[PDB]
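Take a look at the structure below.
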Amino acid sequence: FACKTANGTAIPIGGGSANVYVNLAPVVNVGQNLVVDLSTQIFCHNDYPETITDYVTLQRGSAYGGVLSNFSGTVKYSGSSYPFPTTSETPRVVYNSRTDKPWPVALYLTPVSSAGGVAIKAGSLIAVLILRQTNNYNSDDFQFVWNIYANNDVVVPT
Ligand SMILES: CCCCCCCO[C@H]1O[C@H](CO)[C@@H](O)[C@H](O)[C@@H]1O
């Protein structure tokens, strides 16, 4: 079980961390959702599906910078929605394929009442998401740490 990003970076068997760089809608109004779809950025696979079943959760997601300050968040994990920043670990998604496949996570972020102007700055850390991986084979319990960075400013009109 390993993962890779669209940016070309990767995290190998056993876990670790990597940086993810996302383009964001440059203008977002109060009452609108800014979407950060990591499912197009983060992909994982099972290295031995002939024998082993891999289990994957979103263990925890934290908001940083302008996302923590200026937005109200929901995270969608495999069709289900949760508070973001997260209050609990999600149920498991099953990975039974060697073809690299999306980690099904999306952030839905809507401006708070006090947001206005540049609510997210380019190059700033906006989130950390921890993918947790186990299996039905042994005692492996690994963390894949995704550091999410803004590629561009996001403006909330006033
Ligand atoms: C002839 C025995 C081969 C033994 C191969 C074990 C491979 O383990 C890796 O790949 C497994 C399948 O993705 C993961 O469940 C496990 O955590 C680790 O990432």
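For the sequence shown, the UniProt record's numbering begins at 10 and goes up steadily by one.
We put the CB at the ideal spot given by N, CA and C, even for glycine.
- Looking at the DSSP output, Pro113 bridges to nothing.
- Per the coordinates, the alpha-carbon of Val29 lies some 10 angstroms from the alpha-carbon of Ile135.
- About 5 angstroms separates the CB atoms of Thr66 and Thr99; that is less than 8 angstroms, so the two are in contact.
- Excluding its 5 nearest sequence neighbours in each direction, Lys85 has C-beta neighbours in its own chain below 6 angstroms: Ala115, listed in chain order.
- Taking all protein chains shown into account, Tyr146 has fewer than 16 neighbouring C-beta atoms within 10 Å of its C-beta and is therefore exposed.
- Within the same chain, and ignoring the five residues on either side of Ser81 in sequence, the residues whose Cβ sits closer than 6 angstroms to its Cβ are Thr119, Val121.
- Relative to the non-hydrogen atoms of ligand 1, the Cβ of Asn32 never comes closer than 6 angstroms to any of them.
- Between the alpha carbons of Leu47 and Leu140 lies a distance of about 12 angstroms.
- Rounded to the nearest whole angstrom, the CA to CA distance from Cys53 to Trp112 is 7 angstroms.
- Exposed is the label assigned to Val36, since fewer than 16 other Cβ atoms lie within 10 Å of its Cβ.
- In the assembly as shown, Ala72 is a buried residue. Its beta-carbon has 16 or more other beta-carbons within 10 Å.
- Taken in chain order, the unbroken stretches of alpha helix (DSSP H) that lie wholly in the UniProt domain "FimH mannose-binding" (12–156) and span 4 residues or more are 74–79.
- Taking C-alpha positions only, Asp109 is separated from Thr167 by approximately 42 angstroms.
- Around the CB of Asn160, fewer than 16 other CB atoms lie within 10 Å, so the residue is classed as exposed.
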